Amino acid sequence: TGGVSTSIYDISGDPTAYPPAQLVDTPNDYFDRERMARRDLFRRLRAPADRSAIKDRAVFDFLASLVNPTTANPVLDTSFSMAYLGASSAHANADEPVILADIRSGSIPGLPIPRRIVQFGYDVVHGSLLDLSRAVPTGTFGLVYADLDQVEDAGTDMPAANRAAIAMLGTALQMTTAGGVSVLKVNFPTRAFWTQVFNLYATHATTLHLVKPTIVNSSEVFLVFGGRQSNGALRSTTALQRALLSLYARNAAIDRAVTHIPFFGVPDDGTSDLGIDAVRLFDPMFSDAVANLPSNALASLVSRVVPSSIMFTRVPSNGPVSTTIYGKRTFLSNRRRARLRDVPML
Amino acid sequence: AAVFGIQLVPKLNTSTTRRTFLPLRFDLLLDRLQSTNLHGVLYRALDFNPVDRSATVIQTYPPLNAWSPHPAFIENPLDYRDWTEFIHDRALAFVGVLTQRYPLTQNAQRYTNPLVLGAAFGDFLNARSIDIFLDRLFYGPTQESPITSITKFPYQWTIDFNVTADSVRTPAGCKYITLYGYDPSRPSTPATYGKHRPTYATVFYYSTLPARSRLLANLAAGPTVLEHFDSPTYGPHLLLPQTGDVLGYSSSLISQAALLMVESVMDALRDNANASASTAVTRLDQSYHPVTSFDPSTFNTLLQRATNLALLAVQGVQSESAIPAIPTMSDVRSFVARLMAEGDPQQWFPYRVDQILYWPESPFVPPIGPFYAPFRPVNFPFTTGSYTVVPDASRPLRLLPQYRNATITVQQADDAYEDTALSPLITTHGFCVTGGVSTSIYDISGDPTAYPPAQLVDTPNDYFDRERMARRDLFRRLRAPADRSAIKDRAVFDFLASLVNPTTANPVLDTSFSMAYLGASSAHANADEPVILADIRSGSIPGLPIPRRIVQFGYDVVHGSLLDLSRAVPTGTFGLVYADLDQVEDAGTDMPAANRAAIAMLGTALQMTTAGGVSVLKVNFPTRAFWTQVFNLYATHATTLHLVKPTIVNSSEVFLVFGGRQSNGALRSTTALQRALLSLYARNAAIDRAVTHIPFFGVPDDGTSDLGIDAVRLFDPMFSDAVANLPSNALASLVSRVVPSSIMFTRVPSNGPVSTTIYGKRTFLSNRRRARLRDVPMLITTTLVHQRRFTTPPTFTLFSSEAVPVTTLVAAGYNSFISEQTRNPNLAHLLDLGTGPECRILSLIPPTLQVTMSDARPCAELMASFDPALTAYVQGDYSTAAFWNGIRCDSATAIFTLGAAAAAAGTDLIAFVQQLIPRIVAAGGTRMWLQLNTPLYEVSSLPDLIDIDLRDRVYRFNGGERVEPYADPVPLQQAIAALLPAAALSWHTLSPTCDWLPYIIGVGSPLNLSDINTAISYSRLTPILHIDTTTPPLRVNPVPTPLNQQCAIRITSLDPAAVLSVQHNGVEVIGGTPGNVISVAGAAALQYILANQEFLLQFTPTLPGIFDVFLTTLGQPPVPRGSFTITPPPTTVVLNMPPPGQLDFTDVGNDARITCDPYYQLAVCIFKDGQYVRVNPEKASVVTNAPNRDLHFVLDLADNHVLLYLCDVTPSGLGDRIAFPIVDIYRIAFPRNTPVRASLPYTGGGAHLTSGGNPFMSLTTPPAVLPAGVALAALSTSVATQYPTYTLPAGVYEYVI
Amino acid sequence: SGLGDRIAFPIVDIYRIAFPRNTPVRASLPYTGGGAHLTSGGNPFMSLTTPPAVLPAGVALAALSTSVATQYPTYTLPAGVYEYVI
């Protein structure tokens, strides 16, 4: 119905060095057709709303609380310069990402007002078009919010996705002023990707965290580099390994749950776990008499639903009245039905 | 990825699982027919108008869509209201028949045969008997198909339903129904593809493949037969379209069979565009397929082309643009038009008569039948993947260039441009000046330096050349429309409200003053009189008193009198005479005629002012002949004179203002006049230079103008990195002509192809950059090829809609400075520090100069496009010492980078530069221009642009958007001198002569004049320091350089033959030779001391500020030789007070001695409302004692609660330069044991007294019989003489005000 | 991540400090927009936001800021006891 169960991991805080090559990697079946299908199915099942609006709001809630460690003052400040480097994409009914209205209006508590906002990407209208994979003649900013997808030109080609991610990360850092802050969305936190991150950008910032909102089942994450400077000392640490392990655990957990759900178009022939069973009778005459078919059908259907609720309707036609009894079948009901040796009468 | 006129994205997508069919249960059928409303259940209106209760096109649903209406219905359609009534009747009746037989309770579980149900229902509402069908309404799906169940009775059941042993024949039902008022000609009507006609086709269901062969043998002679292979709804079946055509869908390019194909193809594309993995579908391949009478060899008819596209669509391809869910006639026409366009047919997959080939890598999954087979094209470019569509844009788009490694020769770029450009073009100018004024004021009487009128500068010889006059007129048009006179008058009256007499420091004007608008009241614009009068009568102008009456004169008056101002006039006289008269209306260029007119009007204007009055006059042409006569005749008629010069458009007119109308004035021509004129003509020349780049109005833009627009148009372009790709070549060529400016982009869909246009403004900067190129770089196409939206059409306007911010003005000015500086012929190389990745410096520098530029970020431009000997880019941080390794140059620069770099380094400026400059010297550099941020003139924050921090030396930009350190000029210069003792130093800021304008207007950016003063002030806070080591530095004896005092200046030099000049405010102020020299800033003596090899200058400056000096010889350009500053006199006024015994609370108040410079005349004033107002003398007065000024004043019980100031006295303003609080009086107690004094504190300052906590008197309205002992004092001694003082015998009192 | 999250301890001693009347003392505004006014021993003293241009005798503008936020300056009072209406 809505909401998000997010989580935040401070990486720079962990002093325990951990070699990147030993990081856990994407599961082998992660791009199997079935898991991808369930992943898409879950995407449909969420109530309709603006996914990006909620996702962005969660991140900026964290950013409003971000405070430098050395002098204990907020990293952002009023009149700060911001570039929504992410693809402003005329989302839904608006021509720009809706979060900008809140930012301009100070709607977000604790977040200062930026002096100006600039937009970039492929789908912009109130900005400029450019590819973030190359060098850019764009100047610089205090806050760089890089909400860029990588999948749009790499479905499952991981090395291609890695190159895109690394390239976009580099340009995003280059657009930040000294002491600035930049965030980047990463679709696939692959150990190869992490390897290059510490091979190249290890000195470009002071601190790093991971912000992970969960709106639908996805492995994407948000990096956040604080204190844009020249002589940072970021390293892969055990905090990263903990976060990754927890992340994949949830993803597997959700996938297991989805397996019980049937897909959309298929009529419910009784093969799915979460299906519905129904029985229709016309002018039934229930009684305790033996072999009373309405009684037999009633008892049979109930035995297939018991843990769930049992619904009942009487609809009068022009002639007889049609009665229908139905309920949801679940794997719990299957276990109970397995326990039975005979079907009790109601 | 294009087929004929159809554009396709390179990604494939389609659904992955087929939904199985299930027949309709008997009970469910009854429920559908018994639905209380059948709309949206059995049929849907695609066309409902809720304003009425009507629709015109209906879409039908399975139980009904099998119907074929009898012609009587077709030829005479009914309306929507009758339709809904008719259906609800028939449905209920049909239910009754179905239930009269087959009682529900015994048959609810049975499955209806869809074919039988459709036929039976169709006949029923055709008013034809259906008894035959009712026997065979049901079938057992587990035992037979809905077809085979029927073939059990192989004979002609009825005339429209014939069944053999293997197949069934019946007319195809109508999927759409057109009601009354249908009109295909209306392009917005929903499309129906002709299916509304009762007999558009005929279907043949068959049970097995041999039957299919048998049917095809019969149909081979007729029209083309079509079939679905994937999932044939109720069962395998052919369909035979009617052999005719359908009207309105195209230029008769259509037969019925083609329509079925093309709409089928559209559905296939729509599904591919939105299929998802999580959703099952009834059919993966929506396409039809021809099986008879077809040519695989040709593609010159619609049916062939549609087929060739369908064979490709099955692979899961998507169109670049979305197609509507409910297409209208216009939509279909556009699709067909594109399909029939010239282009290549796809040939990845060949047509085969009854088998379809699929790519194994496609997401498509074949069914079980034999009609599909895998196939391997050799060079298929597509890939699997989803693609979303972006909504269209209401604005033309802008892109930022990014380059590949490929480059192209100039000739190819030009020829690719010349055949794709809109070479002659129609454009609009817009408005260059948005509003505001740059106004300047010059007091003339203030300057004591006499200057003979004959030596005044005169009008430039070309000032009435046609071209300059033409540009002058062109500029007049380009200002945004408004009332020129309103703004012009408002500026002058703003000055007049502040005008104060010098002798007694009171405003010249007063309430109820008499005014004559002697200028031609001319029913300006919408009004009958000059609009400024409304403000004047209403007191809208702050500080301006209300006149008692206003009289109007001239030629165009209505509410006044007509007369010629050149003659004597029968009039009274007035306090203020405002003579806004033109002179040009009878003298276009005849200067002596204009001079006579000006002089005559001036004389009459003076004659109409009363004694002590004030008159102003507008002069079109301040000619030295005019000035000569002014001092020849009217020299004694007034006390003082100023020049007010508003600038609304480029004009040389001015406003004279004569103050203190009297008989015995002593006005003289003085150097102040010469300074003003020189500045005035400088601006006009500067503005004229800027306008030269602008084209005139009616001329179409053939590419001769500097500020023109270049555009290129392409139709359905296919950009790629392939060599000689014309769209790519044209794109790169056009970009190369625009780079410094923005690049616009649009996509407009025509009825057929889509037209794309790319354009931008060409400027002289772009010409310089293009000259630097040796080859034209190619662009990265991903950004463009990704754009598949639609946009609004281009605009082609020269000037934007909104004036640029102040910061940009400063940037342009410094660009103008650098552009000029880099023209020195004695420069062989240059190192630029902190370049943007965009190497903008290339646009400013002559192409012959070697340049090396640097930044931490990688460059944004393909370096291969330039000669490596002339240009070089080094990536690194010049803050680090490691940056200097192999770095060689003769000169360097750093603009808008130093403060940022220092901030990043976490250090002050002084430390930062101290470790930097030596490295530049080590690199062989000799001279450099450095943009240090520091207050040269004074410390004063600009309210929002720059905030100066003091507890730490830091600037705040844009309310703190950016934060940088700063230093003070004097300590910095001393620090620099310590580093380099033998180098010359100079400062540069934005000129008030506006010579930098062509870098604002000539680049096509609009402007507001009122911002210019701020921009100059902004520059004053961020100067450019010019350091030069190849010349000895300047020196002066009195280093503090106080004003109005003799000072000696040494300029060591080798040639007595050289010539000298000194400039101030961007104009020469001193120049000449040791033999003779001319100055307009005080006494100047020039001598050359050969024994010391120096020029000696002895000088007595008469005004403060920056002065820079140059030397020149006949065969050389002028050489800068440093600069010096002149400081104002000190602001320290001091007062000396009597003891408390001499605190004179008596009527004769006491006296205090003032110690101050004579340069500041003083008077006692009150800071009433943000401005000081002079107090009446009888409470305080500055005393003109012979040795020095003193201060007499009297004590009153209001004094402790009020503040008063010794204020500087100038005719321009009161207390401007200094305003000193007279603090003692604010805090002086009154002896209870003595008679004391009281009065009201303000002009309307109501007050009341409380004697020792006991209420005493309302000093405004004291008791008619006063309290005992108090009396009305003789001398006023209040704040204003109108109020009297009241003397109190003794006691202590409060002041409630 | 945050300021004062895990622990936050009040410095209660400062809340109880007694100011010696016989010495020069210090005053300033308490908040970023904390308008305040002073009352010397029951006698109204100053609107510390906008102290009178003729300052009360002996008081002065302090050198070091020492306010809640550096933007506000402190004003030193020569002696006495005062109230804080905010």
# chains A, B, ... in the order shown; residues from 1 in each chain; ligands from 1
>>> closest_atom_pairs(of="chain A", to="chain B", cutoff="9 Å", atoms="only C-alpha atoms", output="CSV")
residue,atom,partner,partner_atom,distance
A:33,CA,B:277,CA,8.9
A:36,CA,B:277,CA,8.2
A:37,CA,B:277,CA,5.6
A:38,CA,B:278,CA,7.1
A:39,CA,B:278,CA,8.7
A:40,CA,B:278,CA,6.0
A:41,CA,B:278,CA,5.0
A:42,CA,B:278,CA,8.8
A:44,CA,B:278,CA,8.3
A:77,CA,B:960,CA,8.3
A:78,CA,B:960,CA,7.2
A:79,CA,B:961,CA,4.8
A:80,CA,B:961,CA,4.9
A:81,CA,B:961,CA,6.0
A:89,CA,B:390,CA,7.5
A:90,CA,B:391,CA,7.3
A:91,CA,B:390,CA,8.9
A:95,CA,B:393,CA,8.3
A:114,CA,B:961,CA,8.1
A:115,CA,B:961,CA,6.4
A:116,CA,B:961,CA,8.8
A:121,CA,B:783,CA,8.8
A:122,CA,B:783,CA,6.5
A:123,CA,B:390,CA,7.1
A:124,CA,B:397,CA,8.4
A:125,CA,B:393,CA,6.4
A:126,CA,B:395,CA,8.3
A:127,CA,B:398,CA,7.4
A:128,CA,B:398,CA,5.3
A:129,CA,B:399,CA,4.5
A:130,CA,B:400,CA,5.8
A:131,CA,B:783,CA,6.1
A:134,CA,B:402,CA,7.5
A:135,CA,B:860,CA,5.5
A:136,CA,B:860,CA,5.8
A:137,CA,B:838,CA,5.1
A:138,CA,B:837,CA,8.1
A:139,CA,B:836,CA,6.9
A:142,CA,B:961,CA,8.4
A:152,CA,B:387,CA,7.7
A:153,CA,B:385,CA,8.4
A:154,CA,B:385,CA,8.3
A:155,CA,B:385,CA,6.3
A:174,CA,B:857,CA,6.6
A:175,CA,B:857,CA,8.9
A:177,CA,B:904,CA,8.5
A:178,CA,B:904,CA,5.8
A:179,CA,B:904,CA,7.9
A:229,CA,B:904,CA,8.1
A:263,CA,B:278,CA,5.9
A:264,CA,B:279,CA,5.1
A:265,CA,B:280,CA,4.6
A:266,CA,B:19,CA,5.8
A:267,CA,B:19,CA,8.0
A:281,CA,B:105,CA,8.9
A:282,CA,B:105,CA,6.4
A:283,CA,B:105,CA,8.5
A:317,CA,B:31,CA,8.9
A:319,CA,B:104,CA,8.4
A:320,CA,B:105,CA,7.5
>>> interface_residues(of="chain B", to="chain C", cutoff="8 Å", atoms="only C-alpha atoms", output="compact mmCIF listing (two decimals) with N, CA and C atoms, in the first residue's frame")
# COMPACT_ATOMS: atom_id res chain seq x y z
N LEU B 1203 18.59 63.17 18.71
CA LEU B 1203 19.93 63.15 18.15
C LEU B 1203 20.06 64.20 17.05
N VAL B 1223 27.19 64.36 20.52
CA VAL B 1223 26.75 63.39 21.51
C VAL B 1223 26.47 64.06 22.86
N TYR B 1226 23.03 64.98 23.70
CA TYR B 1226 22.16 63.82 23.91
C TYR B 1226 22.11 63.41 25.37
N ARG B 1227 23.11 63.80 26.16
CA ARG B 1227 23.29 63.29 27.51
C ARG B 1227 23.70 64.40 28.48
>>> residues_around(residues="residue 1032 (chain B)", least_positions_apart="6", cutoff="9 Å", atoms="only C-alpha atoms", output="JSON, numbers by chain")
{"B": [982, 983, 984, 1051, 1052, 1053, 1121]}
>>> closest_atom_pairs(of="region 27-67 of chain C", to="region 6-23 of chain C", cutoff="12 Å", atoms="only C-alpha atoms", output="JSON lines")
{"residue": "C:27", "atom": "CA", "partner": "C:19", "partner_atom": "CA", "distance": 11.3}
{"residue": "C:40", "atom": "CA", "partner": "C:21", "partner_atom": "CA", "distance": 10.9}
{"residue": "C:41", "atom": "CA", "partner": "C:21", "partner_atom": "CA", "distance": 10.5}
>>> write_last_selection(atoms="N, CA, C and O atoms", output="PDB file, in the first residue's frame")
ATOM      1  N   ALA C  27      26.258  41.047  27.762  1.00  0.00           N
ATOM      2  CA  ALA C  27      24.897  40.726  27.359  1.00  0.00           C
ATOM      3  C   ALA C  27      24.821  40.644  25.842  1.00  0.00           C
ATOM      4  O   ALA C  27      25.573  41.313  25.131  1.00  0.00           O
ATOM      5  N   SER C  40      17.310  47.147  34.151  1.00  0.00           N
ATOM      6  CA  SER C  40      18.346  47.296  35.168  1.00  0.00           C
ATOM      7  C   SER C  40      17.701  47.501  36.532  1.00  0.00           C
ATOM      8  O   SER C  40      17.224  48.597  36.842  1.00  0.00           O
ATOM      9  N   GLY C  41      17.696  46.452  37.350  1.00  0.00           N
ATOM     10  CA  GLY C  41      17.183  46.563  38.707  1.00  0.00           C
ATOM     11  C   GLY C  41      15.751  47.045  38.774  1.00  0.00           C
ATOM     12  O   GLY C  41      15.408  47.849  39.650  1.00  0.00           O
TER      13      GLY C  41
END
>>> interface_residues(of="chain C", to="chain A", cutoff="8 Å", atoms="only C-alpha atoms", output="PDB file with C-alpha atoms, in the first residue's frame")
ATOM      1  CA  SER C   1      24.763  10.970  10.905  1.00  0.00           C
ATOM      2  CA  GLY C   2      23.474  13.274  13.630  1.00  0.00           C
ATOM      3  CA  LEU C   3      24.323  15.615  16.476  1.00  0.00           C
TER       4      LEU C   3
END
>>> residues_around(residues="region 1171-1183 of chain B", least_positions_apart="2", cutoff="9 Å", atoms="only C-alpha atoms", output="ChimeraX atom specification")
/B:505-506,1149,1151-1154,1162-1169,1185,1188-1196,1204-1207,1214-1215,1219,1275-1281
>>> select_by_dssp(residues="region 98-322 of chain A", states="helix (DSSP H, G or I)", output="MDAnalysis selection string")
chainID A and resid 99:105 151:153 158:174 191:200 238:258 293:303
>>> write_last_selection(atoms="C-alpha atoms", output="mmCIF file, in the first residue's frame")
data_model
loop_
_atom_site.group_PDB
_atom_site.id
_atom_site.type_symbol
_atom_site.label_atom_id
_atom_site.label_comp_id
_atom_site.auth_asym_id
_atom_site.auth_seq_id
_atom_site.Cartn_x
_atom_site.Cartn_y
_atom_site.Cartn_z
ATOM 1 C CA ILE A 99 10.907 16.953 -5.224
ATOM 2 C CA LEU A 100 12.194 20.281 -6.552
ATOM 3 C CA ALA A 101 8.987 22.026 -5.484
ATOM 4 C CA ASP A 102 9.527 20.912 -1.893
ATOM 5 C CA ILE A 103 13.186 21.919 -2.014
ATOM 6 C CA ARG A 104 12.456 25.376 -3.407
ATOM 7 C CA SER A 105 9.731 25.854 -0.793
ATOM 8 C CA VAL A 151 20.228 -0.173 -17.193
ATOM 9 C CA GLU A 152 18.838 1.891 -20.076
ATOM 10 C CA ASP A 153 21.735 0.765 -22.300
ATOM 11 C CA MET A 158 27.467 -6.284 -16.254
ATOM 12 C CA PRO A 159 30.896 -5.092 -17.507
ATOM 13 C CA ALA A 160 29.139 -2.514 -19.666
ATOM 14 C CA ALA A 161 27.061 -1.437 -16.675
ATOM 15 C CA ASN A 162 30.198 -1.205 -14.542
ATOM 16 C CA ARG A 163 31.938 1.091 -17.018
ATOM 17 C CA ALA A 164 28.891 3.353 -17.156
ATOM 18 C CA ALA A 165 28.668 3.485 -13.367
ATOM 19 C CA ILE A 166 32.359 4.251 -12.915
ATOM 20 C CA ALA A 167 32.321 6.922 -15.615
ATOM 21 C CA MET A 168 29.248 8.651 -14.204
ATOM 22 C CA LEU A 169 30.745 8.536 -10.718
ATOM 23 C CA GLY A 170 33.902 10.258 -11.914
ATOM 24 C CA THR A 171 32.095 13.094 -13.659
ATOM 25 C CA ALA A 172 29.766 13.564 -10.695
ATOM 26 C CA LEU A 173 32.744 14.058 -8.397
ATOM 27 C CA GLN A 174 34.372 16.451 -10.855
ATOM 28 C CA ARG A 191 32.374 -6.332 -6.504
ATOM 29 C CA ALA A 192 34.044 -5.396 -9.784
ATOM 30 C CA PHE A 193 32.426 -1.974 -9.483
ATOM 31 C CA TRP A 194 33.621 -1.635 -5.896
ATOM 32 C CA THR A 195 37.131 -2.633 -6.941
ATOM 33 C CA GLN A 196 37.418 0.256 -9.386
ATOM 34 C CA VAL A 197 35.827 2.694 -6.935
ATOM 35 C CA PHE A 198 38.695 2.371 -4.486
ATOM 36 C CA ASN A 199 41.218 2.068 -7.302
ATOM 37 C CA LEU A 200 40.383 5.546 -8.606
ATOM 38 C CA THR A 238 33.714 -4.647 6.834
ATOM 39 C CA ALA A 239 30.732 -2.297 7.029
ATOM 40 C CA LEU A 240 30.413 -2.608 3.258
ATOM 41 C CA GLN A 241 30.402 -6.395 3.492
ATOM 42 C CA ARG A 242 27.742 -6.322 6.205
ATOM 43 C CA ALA A 243 25.510 -4.027 4.165
ATOM 44 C CA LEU A 244 25.784 -6.142 1.019
ATOM 45 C CA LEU A 245 24.997 -9.358 2.879
ATOM 46 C CA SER A 246 21.933 -7.798 4.475
ATOM 47 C CA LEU A 247 20.833 -6.384 1.123
ATOM 48 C CA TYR A 248 20.908 -9.645 -0.814
ATOM 49 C CA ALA A 249 19.210 -11.391 2.101
ATOM 50 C CA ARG A 250 16.158 -9.147 1.787
ATOM 51 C CA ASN A 251 16.111 -9.521 -1.988
ATOM 52 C CA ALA A 252 16.080 -13.305 -1.688
ATOM 53 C CA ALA A 253 13.470 -13.125 1.069
ATOM 54 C CA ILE A 254 11.091 -11.034 -1.025
ATOM 55 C CA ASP A 255 11.537 -13.292 -4.043
ATOM 56 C CA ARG A 256 10.553 -16.347 -2.007
ATOM 57 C CA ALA A 257 7.352 -14.596 -0.955
ATOM 58 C CA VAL A 258 6.437 -13.630 -4.521
ATOM 59 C CA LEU A 293 -25.018 -32.591 -2.368
ATOM 60 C CA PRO A 294 -25.147 -28.944 -1.182
ATOM 61 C CA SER A 295 -23.921 -30.076 2.224
ATOM 62 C CA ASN A 296 -21.170 -32.195 0.676
ATOM 63 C CA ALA A 297 -19.925 -29.418 -1.591
ATOM 64 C CA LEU A 298 -20.077 -26.955 1.295
ATOM 65 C CA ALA A 299 -17.958 -29.156 3.546
ATOM 66 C CA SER A 300 -15.462 -29.840 0.766
ATOM 67 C CA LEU A 301 -14.883 -26.185 -0.095
ATOM 68 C CA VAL A 302 -14.548 -25.197 3.557
ATOM 69 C CA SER A 303 -11.875 -27.848 4.063
#
>>> select_by_dssp(residues="region 303-425 of chain B", states="strand (DSSP E)", output="list in words")
residues 356, 357, 358, 372, 373, 374, 383, 384, 397, 398, 399, 403, 404, 405, 406, 407 and 408 of chain B
>>> write_last_selection(atoms="N, CA and C atoms", output="PDB file, in the first residue's frame")
ATOM      1  N   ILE B 356       6.678 -18.413 -41.096  1.00  0.00           N
ATOM      2  CA  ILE B 356       7.251 -17.171 -40.597  1.00  0.00           C
ATOM      3  C   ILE B 356       8.549 -17.480 -39.868  1.00  0.00           C
ATOM      4  N   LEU B 357       9.570 -16.675 -40.135  1.00  0.00           N
ATOM      5  CA  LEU B 357      10.891 -16.857 -39.559  1.00  0.00           C
ATOM      6  C   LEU B 357      11.081 -15.920 -38.374  1.00  0.00           C
ATOM      7  N   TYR B 358      11.679 -16.436 -37.305  1.00  0.00           N
ATOM      8  CA  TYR B 358      11.922 -15.646 -36.109  1.00  0.00           C
ATOM      9  C   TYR B 358      13.384 -15.747 -35.704  1.00  0.00           C
ATOM     10  N   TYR B 372       6.028 -21.528 -37.733  1.00  0.00           N
ATOM     11  CA  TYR B 372       7.148 -20.696 -37.328  1.00  0.00           C
ATOM     12  C   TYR B 372       8.437 -21.502 -37.350  1.00  0.00           C
ATOM     13  N   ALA B 373       9.543 -20.818 -37.640  1.00  0.00           N
ATOM     14  CA  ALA B 373      10.840 -21.461 -37.729  1.00  0.00           C
ATOM     15  C   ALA B 373      11.939 -20.459 -37.418  1.00  0.00           C
ATOM     16  N   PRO B 374      12.977 -20.868 -36.701  1.00  0.00           N
ATOM     17  CA  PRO B 374      14.071 -19.944 -36.389  1.00  0.00           C
ATOM     18  C   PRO B 374      14.905 -19.631 -37.620  1.00  0.00           C
ATOM     19  N   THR B 383      18.764  -5.416 -30.265  1.00  0.00           N
ATOM     20  CA  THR B 383      19.021  -6.133 -29.026  1.00  0.00           C
ATOM     21  C   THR B 383      17.748  -6.148 -28.195  1.00  0.00           C
ATOM     22  N   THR B 384      17.676  -7.100 -27.273  1.00  0.00           N
ATOM     23  CA  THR B 384      16.550  -7.151 -26.355  1.00  0.00           C
ATOM     24  C   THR B 384      16.646  -6.025 -25.336  1.00  0.00           C
ATOM     25  N   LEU B 397      14.763  22.821 -27.155  1.00  0.00           N
ATOM     26  CA  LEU B 397      15.765  22.240 -26.277  1.00  0.00           C
ATOM     27  C   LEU B 397      17.136  22.851 -26.525  1.00  0.00           C
ATOM     28  N   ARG B 398      17.990  22.755 -25.511  1.00  0.00           N
ATOM     29  CA  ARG B 398      19.376  23.184 -25.599  1.00  0.00           C
ATOM     30  C   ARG B 398      20.289  22.006 -25.299  1.00  0.00           C
ATOM     31  N   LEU B 399      21.389  21.911 -26.039  1.00  0.00           N
ATOM     32  CA  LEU B 399      22.354  20.841 -25.856  1.00  0.00           C
ATOM     33  C   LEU B 399      23.737  21.429 -25.635  1.00  0.00           C
ATOM     34  N   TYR B 403      32.384  15.698 -27.953  1.00  0.00           N
ATOM     35  CA  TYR B 403      33.034  15.352 -29.207  1.00  0.00           C
ATOM     36  C   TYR B 403      33.565  13.927 -29.206  1.00  0.00           C
ATOM     37  N   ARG B 404      33.534  13.317 -30.385  1.00  0.00           N
ATOM     38  CA  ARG B 404      34.250  12.081 -30.641  1.00  0.00           C
ATOM     39  C   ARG B 404      35.673  12.413 -31.076  1.00  0.00           C
ATOM     40  N   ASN B 405      36.468  11.379 -31.335  1.00  0.00           N
ATOM     41  CA  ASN B 405      37.831  11.597 -31.794  1.00  0.00           C
ATOM     42  C   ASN B 405      37.913  11.912 -33.277  1.00  0.00           C
ATOM     43  N   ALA B 406      36.811  11.785 -34.010  1.00  0.00           N
ATOM     44  CA  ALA B 406      36.820  12.058 -35.435  1.00  0.00           C
ATOM     45  C   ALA B 406      36.776  13.557 -35.701  1.00  0.00           C
ATOM     46  N   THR B 407      37.353  13.955 -36.830  1.00  0.00           N
ATOM     47  CA  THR B 407      37.342  15.350 -37.236  1.00  0.00           C
ATOM     48  C   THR B 407      37.245  15.418 -38.751  1.00  0.00           C
ATOM     49  N   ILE B 408      36.889  16.599 -39.249  1.00  0.00           N
ATOM     50  CA  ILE B 408      36.566  16.782 -40.655  1.00  0.00           C
ATOM     51  C   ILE B 408      37.202  18.072 -41.158  1.00  0.00           C
TER      52      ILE B 408
END
>>> atom_distance(atom1="CA of residue 1148 (chain B)", atom2="CA of residue 1218 (chain B)")
28.7 Å
>>> atom_distance(atom1="CA of residue 1125 (chain B)", atom2="CA of residue 1106 (chain B)")
4.6 Å
